[PDB]
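Step one of this worksheet: look at the structure below.
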Amino acid sequence: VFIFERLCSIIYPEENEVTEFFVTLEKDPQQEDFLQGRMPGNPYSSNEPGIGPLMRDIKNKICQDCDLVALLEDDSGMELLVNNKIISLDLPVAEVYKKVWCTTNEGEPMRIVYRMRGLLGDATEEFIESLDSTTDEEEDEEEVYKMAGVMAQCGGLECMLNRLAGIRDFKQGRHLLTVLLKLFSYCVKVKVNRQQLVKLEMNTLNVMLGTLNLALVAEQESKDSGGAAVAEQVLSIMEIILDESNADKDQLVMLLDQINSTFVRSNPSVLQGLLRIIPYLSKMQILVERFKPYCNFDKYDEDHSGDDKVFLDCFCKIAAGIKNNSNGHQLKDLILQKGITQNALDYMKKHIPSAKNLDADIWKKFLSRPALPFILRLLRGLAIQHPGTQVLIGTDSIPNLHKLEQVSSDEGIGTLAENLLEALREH
């Protein structure tokens, strides 16, 4: 653990948190007669209750200790000044100390002058709203994390993967697992490390999926085990590695079991991360049959459970994420053979209005059907780069889709129909 912590601190030196500093809380000398009370505890330690984490907490402490109750609920009524600059109450006291005070008065207690706003006229002092540079310049990770590039050359990534694969007990391994994943999050910032991790010889995907499964099982057995945070980190690292790689079916089924898992459902972040990696990984027959009941559109319009909706949205996202390769084609062929595409076309043919006036109430009522957005998204996802699906939709549905693409609705049905027609133009 200590070796990997030391490697993290070499790659990305966390700025030394200012462990303890002192502050003095003084009245504006020009408001001495207007402000009741005085702060008696000068200098105050940064570790003292009410001295942070925000400048607002100091303002609230001054209002409380000086009995200025009317200013306690009003964040606009009191100003805090450091080095004759007005400091935003949203800023961290430790950052104000480091970035504003220590620039001129390093090692002295930070003098905070407090005053009532507008009592002597308009403030003429500079207002510091953000301690961070106003410039939105983005730090170059390839330069910021440049030292992580050594891990590709020294066999460091291979050592880290072997260490990750060696962790069989989540409870004992948690601390090592957290440090290794922190180090991986720095390593994936650098292109040389991403390209090394993409090599099949590294077995990166299987090790990461093993670590994900270990974290998911640990959180299912014991709530708040920390498996959730580990699973989220693994899913984020996997997304980056799988994206670089693109720039088995049993594992896909294990991932869908997680969509069913209440833990993953209750954890939107883990579910989101999981739903982002599922496309890249694309048994299959069983899961396609499992998504077939989720295609009760008429029933969906009548009534559907939050899960039915979530599952129908997830199936639309899966269908859109199926890549153009032999296995992706076989999965789309299986979905076509299971009749899911035909059932979506039969629903549209049954419910589409014959009225020529698109503003008619019958059209509004058709466009507001709950299943219709999901049908158009699903059909698009299945049609992209899949001639069998394109031909089936292109047989009889073009005149109806071409009516739909012309409609504006609050559900965006016209735009969804146009996007489906654009996917069908591949054929």
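In the structure tokens, the first chain shown is A, the next is B, and so on; residue numbers restart at 1 for each chain, and ligands run from 1 in the order shown.
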Excluding same-chain residues fewer than 6 positions from region 341-356 of chain A, what lies within 8 Å of it counting only C-alpha atoms, as a PDB file with N, CA and C atoms, in the first residue's frame?
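In the end it all went to around-v3.pdb:
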ATOM      1  N   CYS A 295     -41.344  -5.339 -24.228  1.00  0.00           N
ATOM      2  CA  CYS A 295     -41.793  -4.716 -25.503  1.00  0.00           C
ATOM      3  C   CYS A 295     -43.329  -4.659 -25.557  1.00  0.00           C
ATOM      4  N   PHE A 297     -45.753  -2.522 -25.681  1.00  0.00           N
ATOM      5  CA  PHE A 297     -45.986  -1.063 -25.872  1.00  0.00           C
ATOM      6  C   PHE A 297     -47.426  -0.696 -25.506  1.00  0.00           C
ATOM      7  N   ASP A 298     -48.403  -1.395 -26.086  1.00  0.00           N
ATOM      8  CA  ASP A 298     -49.836  -1.153 -25.749  1.00  0.00           C
ATOM      9  C   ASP A 298     -50.014  -1.220 -24.230  1.00  0.00           C
ATOM     10  N   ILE A 335     -32.297 -10.565 -32.172  1.00  0.00           N
ATOM     11  CA  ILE A 335     -33.360  -9.621 -31.800  1.00  0.00           C
ATOM     12  C   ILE A 335     -34.450  -9.564 -32.887  1.00  0.00           C
ATOM     13  N   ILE A 362     -56.337  13.803 -32.594  1.00  0.00           N
ATOM     14  CA  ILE A 362     -55.991  12.392 -32.731  1.00  0.00           C
ATOM     15  C   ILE A 362     -54.471  12.196 -32.924  1.00  0.00           C
ATOM     16  N   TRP A 363     -53.820  13.129 -33.621  1.00  0.00           N
ATOM     17  CA  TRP A 363     -52.369  13.124 -33.774  1.00  0.00           C
ATOM     18  C   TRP A 363     -51.682  13.491 -32.467  1.00  0.00           C
ATOM     19  N   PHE A 366     -51.809  10.530 -30.261  1.00  0.00           N
ATOM     20  CA  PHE A 366     -50.882   9.494 -30.723  1.00  0.00           C
ATOM     21  C   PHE A 366     -49.432   9.837 -30.359  1.00  0.00           C
ATOM     22  N   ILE A 375     -40.012   3.097 -28.930  1.00  0.00           N
ATOM     23  CA  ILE A 375     -40.105   2.354 -30.189  1.00  0.00           C
ATOM     24  C   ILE A 375     -39.199   2.977 -31.250  1.00  0.00           C
ATOM     25  N   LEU A 379     -35.928   1.036 -32.664  1.00  0.00           N
ATOM     26  CA  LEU A 379     -35.855   0.762 -34.097  1.00  0.00           C
ATOM     27  C   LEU A 379     -34.634   1.408 -34.734  1.00  0.00           C
ATOM     28  N   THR A 389     -32.733  -5.611 -40.463  1.00  0.00           N
ATOM     29  CA  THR A 389     -33.657  -4.694 -39.784  1.00  0.00           C
ATOM     30  C   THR A 389     -34.071  -3.536 -40.699  1.00  0.00           C
ATOM     31  N   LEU A 392     -36.664  -4.836 -43.229  1.00  0.00           N
ATOM     32  CA  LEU A 392     -37.954  -5.081 -42.574  1.00  0.00           C
ATOM     33  C   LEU A 392     -38.726  -3.770 -42.346  1.00  0.00           C
ATOM     34  N   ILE A 393     -38.075  -2.760 -41.802  1.00  0.00           N
ATOM     35  CA  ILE A 393     -38.690  -1.445 -41.574  1.00  0.00           C
ATOM     36  C   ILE A 393     -39.018  -0.762 -42.912  1.00  0.00           C
ATOM     37  N   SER A 397     -43.177   0.591 -43.750  1.00  0.00           N
ATOM     38  CA  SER A 397     -43.245   1.607 -42.691  1.00  0.00           C
ATOM     39  C   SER A 397     -42.774   2.998 -43.121  1.00  0.00           C
ATOM     40  N   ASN A 400     -45.352   5.995 -43.157  1.00  0.00           N
ATOM     41  CA  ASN A 400     -45.754   6.342 -41.798  1.00  0.00           C
ATOM     42  C   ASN A 400     -44.639   7.081 -41.049  1.00  0.00           C
TER      43      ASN A 400
END
Near-region 151-161 of chain A list (8 Å; only C-alpha atoms; drop same-chain fewer than 3 positions) as a ChimeraX atom specification | /A:148,164-165,180,187,192-193,196-197,202,204,207
Could you turn the residues from that selection into a file that holds C-alpha atoms, as a JSON list (two decimals), in the first residue's frame?
[["chain", "number", "residue", "atom", "x", "y", "z"],
["A", 148, "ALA", "CA", 2.52, 8.09, -14.93],
["A", 164, "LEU", "CA", -5.54, -6.38, -8.48],
["A", 165, "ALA", "CA", -6.10, -9.99, -9.64],
["A", 180, "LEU", "CA", -4.38, 0.67, -6.89],
["A", 187, "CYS", "CA", -2.23, 6.05, -15.30],
["A", 192, "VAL", "CA", 1.09, 5.58, -23.49],
["A", 193, "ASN", "CA", -0.52, 3.81, -20.51],
["A", 196, "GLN", "CA", -0.37, -0.49, -23.09],
["A", 197, "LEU", "CA", -3.54, -1.47, -21.14],
["A", 202, "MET", "CA", -2.18, -7.55, -20.36],
["A", 204, "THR", "CA", -6.81, -5.90, -18.44],
["A", 207, "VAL", "CA", -8.82, -8.37, -14.26]]
Once you count only C-alpha atoms, what closest atom pair and distance in Å to one decimal does each residue of region 106-147 of chain A within 10 Å of region 26-49 of chain A have, with rows by chain and rising residue number, as CSV?
residue,atom,partner,partner_atom,distance
A:109,CA,A:43,CA,6.9
A:110,CA,A:43,CA,8.8
A:111,CA,A:26,CA,7.3
A:112,CA,A:26,CA,6.2
A:113,CA,A:26,CA,4.8
A:114,CA,A:27,CA,5.1
A:115,CA,A:28,CA,5.5
A:116,CA,A:31,CA,7.7
A:119,CA,A:31,CA,8.1
A:120,CA,A:30,CA,8.3
Just N, CA and C atoms for this one: save the residues we selected as a PDB file, in the first residue's frame.
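As written to disk, part.pdb reads:
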ATOM      1  N   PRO A 109      -0.865  35.024  11.342  1.00  0.00           N
ATOM      2  CA  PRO A 109      -2.302  34.792  11.406  1.00  0.00           C
ATOM      3  C   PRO A 109      -3.042  35.616  10.342  1.00  0.00           C
ATOM      4  N   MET A 110      -3.944  34.972   9.628  1.00  0.00           N
ATOM      5  CA  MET A 110      -4.722  35.652   8.597  1.00  0.00           C
ATOM      6  C   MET A 110      -5.684  36.655   9.235  1.00  0.00           C
ATOM      7  N   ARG A 111      -5.472  37.932   8.941  1.00  0.00           N
ATOM      8  CA  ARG A 111      -6.337  39.000   9.426  1.00  0.00           C
ATOM      9  C   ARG A 111      -7.586  39.102   8.560  1.00  0.00           C
ATOM     10  N   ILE A 112      -8.724  38.736   9.145  1.00  0.00           N
ATOM     11  CA  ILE A 112     -10.047  38.873   8.542  1.00  0.00           C
ATOM     12  C   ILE A 112     -10.722  40.077   9.188  1.00  0.00           C
ATOM     13  N   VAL A 113     -10.975  41.111   8.401  1.00  0.00           N
ATOM     14  CA  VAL A 113     -11.738  42.284   8.829  1.00  0.00           C
ATOM     15  C   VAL A 113     -13.188  42.061   8.436  1.00  0.00           C
ATOM     16  N   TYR A 114     -14.123  42.228   9.359  1.00  0.00           N
ATOM     17  CA  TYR A 114     -15.556  42.124   9.082  1.00  0.00           C
ATOM     18  C   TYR A 114     -16.256  43.474   9.221  1.00  0.00           C
ATOM     19  N   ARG A 115     -17.211  43.723   8.336  1.00  0.00           N
ATOM     20  CA  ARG A 115     -18.013  44.945   8.314  1.00  0.00           C
ATOM     21  C   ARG A 115     -19.427  44.683   7.797  1.00  0.00           C
ATOM     22  N   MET A 116     -20.362  45.564   8.123  1.00  0.00           N
ATOM     23  CA  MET A 116     -21.667  45.569   7.479  1.00  0.00           C
ATOM     24  C   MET A 116     -21.573  46.171   6.081  1.00  0.00           C
ATOM     25  N   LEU A 119     -22.873  50.246   4.676  1.00  0.00           N
ATOM     26  CA  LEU A 119     -23.013  51.199   5.787  1.00  0.00           C
ATOM     27  C   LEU A 119     -22.270  52.527   5.544  1.00  0.00           C
ATOM     28  N   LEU A 120     -21.115  52.474   4.876  1.00  0.00           N
ATOM     29  CA  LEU A 120     -20.257  53.621   4.564  1.00  0.00           C
ATOM     30  C   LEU A 120     -20.266  54.013   3.075  1.00  0.00           C
TER      31      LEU A 120
END
Enumerate the residues of region 217-251 of chain A with a DSSP assignment of helix (DSSP H, G or I), computed from the backbone, and present them as a list in words.
->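 Filtering region 217-251 of chain A to helix (DSSP H, G or I) leaves residues 217, 218, 219, 220, 221, 227, 228, 229, 230, 231, 232, 233, 234, 235, 236, 237, 238, 239, 240, 241, 242, 243, 244, 245, 246, 249, 250 and 251 of chain A.
The list of residues with at least one atom within 10 Å of residue 419 (chain A), based on only C-alpha atoms and without residues fewer than 5 positions apart in the same chain, reads residues 376, 377, 379, 380, 381, 405, 413, 414 and 424 of chain A.
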Residue 262 (chain A) surroundings by only C-alpha atoms, 12 Å radius, close-in-sequence under 4 positions cut, as a PyMOL selection string = chain A and resi 216-217+219-220+223+256-258+266-268+270-271+307
Using C-alpha atoms, can you write the selected residues to a file as a PDB file, in the first residue's frame?
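Generated file (out_16.pdb):
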ATOM      1  CA  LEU A 216     -20.475  -5.830  -6.408  1.00  0.00           C
ATOM      2  CA  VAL A 217     -20.611  -9.093  -4.351  1.00  0.00           C
ATOM      3  CA  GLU A 219     -21.763  -4.536  -1.440  1.00  0.00           C
ATOM      4  CA  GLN A 220     -24.589  -7.108  -1.920  1.00  0.00           C
ATOM      5  CA  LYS A 223     -24.338  -2.573   2.628  1.00  0.00           C
ATOM      6  CA  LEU A 256     -27.237  -7.715 -17.136  1.00  0.00           C
ATOM      7  CA  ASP A 257     -27.650  -9.645 -13.830  1.00  0.00           C
ATOM      8  CA  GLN A 258     -26.338  -6.398 -12.241  1.00  0.00           C
ATOM      9  CA  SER A 266     -30.522   1.534  -6.102  1.00  0.00           C
ATOM     10  CA  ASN A 267     -27.043   2.925  -7.033  1.00  0.00           C
ATOM     11  CA  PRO A 268     -27.708   5.164 -10.095  1.00  0.00           C
ATOM     12  CA  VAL A 270     -22.954   2.258 -10.466  1.00  0.00           C
ATOM     13  CA  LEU A 271     -25.897   1.510 -12.839  1.00  0.00           C
ATOM     14  CA  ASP A 307     -38.495  -0.816 -13.868  1.00  0.00           C
TER      15      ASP A 307
END
Taking only C-alpha atoms into account, which of A:162, A:1, A:199, A:97 comes nearest residue 175 (chain A)?
->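 Smallest distance to residue 175 (chain A) is found for A:1.
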Enumerate the residues of region 14-90 of chain A with a DSSP assignment of strand (DSSP E), computed from the backbone, and present them as an NGL selection string.
-> :A and (22-27 or 44-45 or 78-82 or 85-87)
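With only C-alpha atoms taken into account, the protein and nucleic acid residues at most 9 Å from residue 338 (chain A) (excluding it and anything under 6 positions from it in its own chain) are residues 288, 289 and 292 of chain A.
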Write a file of the just-selected residues containing N, CA, C and O atoms, as a short mmCIF file (atom, residue, chain, number, x, y, z; two decimals), in the first residue's frame.
data_model
loop_
_atom_site.label_atom_id
_atom_site.label_comp_id
_atom_site.auth_asym_id
_atom_site.auth_seq_id
_atom_site.Cartn_x
_atom_site.Cartn_y
_atom_site.Cartn_z
N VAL A 288 -31.96 -11.75 -24.74
CA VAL A 288 -32.84 -11.18 -25.80
C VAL A 288 -34.29 -11.58 -25.49
O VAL A 288 -35.18 -10.70 -25.57
N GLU A 289 -34.51 -12.85 -25.14
CA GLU A 289 -35.87 -13.32 -24.77
C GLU A 289 -36.33 -12.55 -23.52
O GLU A 289 -37.54 -12.27 -23.41
N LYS A 292 -37.80 -9.26 -24.44
CA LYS A 292 -39.02 -9.37 -25.28
C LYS A 292 -40.27 -8.90 -24.49
O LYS A 292 -41.03 -8.08 -25.05
#
Hey, can you check how far CA of residue 122 (chain A) sits from CA of residue 100 (chain A)?
->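 So the two atoms, CA of residue 122 (chain A) and CA of residue 100 (chain A), lie 22.6 Å apart.
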Across A:282, A:385, A:9, A:251, the smallest distance to residue 145 (chain A), with only C-alpha atoms counted, is shown by A:9
Could you please determine the separation between CA of residue 184 (chain A) and CA of residue 236 (chain A) in Å, to one decimal place?
->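 One can read the CA of residue 184 (chain A) to CA of residue 236 (chain A) distance as 10.3 Å.
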Rounded to one decimal place, report the CA of residue 88 (chain A)-CA of residue 75 (chain A) distance in Å.
->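 Interatomic distance, CA of residue 88 (chain A) to CA of residue 75 (chain A): 10.0 Å.
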Pick from A:57, A:290, A:247, A:3: nearest to residue 195 (chain A), with only C-alpha atoms counted?
->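 Among the listed residues, the smallest separation from residue 195 (chain A) belongs to A:247.
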So, counting only C-alpha atoms, which residue among A:330, A:406, A:337, A:260 is closest to residue 314 (chain A)?
->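 That would be A:260, the residue with the smallest distance to residue 314 (chain A).
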For residue 181 (chain A), list every protein, DNA or RNA residue within 7 Å, evaluated using only C-alpha atoms, and leave out those in the same chain fewer than 4 positions away; present the list as a list in words.
-> residues 177, 185 and 233 of chain A
Keeping only C-alpha atoms, write those residues as a compact mmCIF listing (two decimals), in the first residue's frame.
# COMPACT_ATOMS: atom_id res chain seq x y z
CA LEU A 177 -7.72 -1.89 -3.90
CA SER A 185 -7.05 6.62 -12.52
CA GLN A 233 -14.04 3.69 -9.86
Shell of 10 Å around residue 309 (chain A), only C-alpha atoms, local chain residues under 3 positions omitted, as JSON, numbers by chain = {"A": [294, 300, 304, 305, 306, 312, 313, 314, 315, 370, 371, 374]}
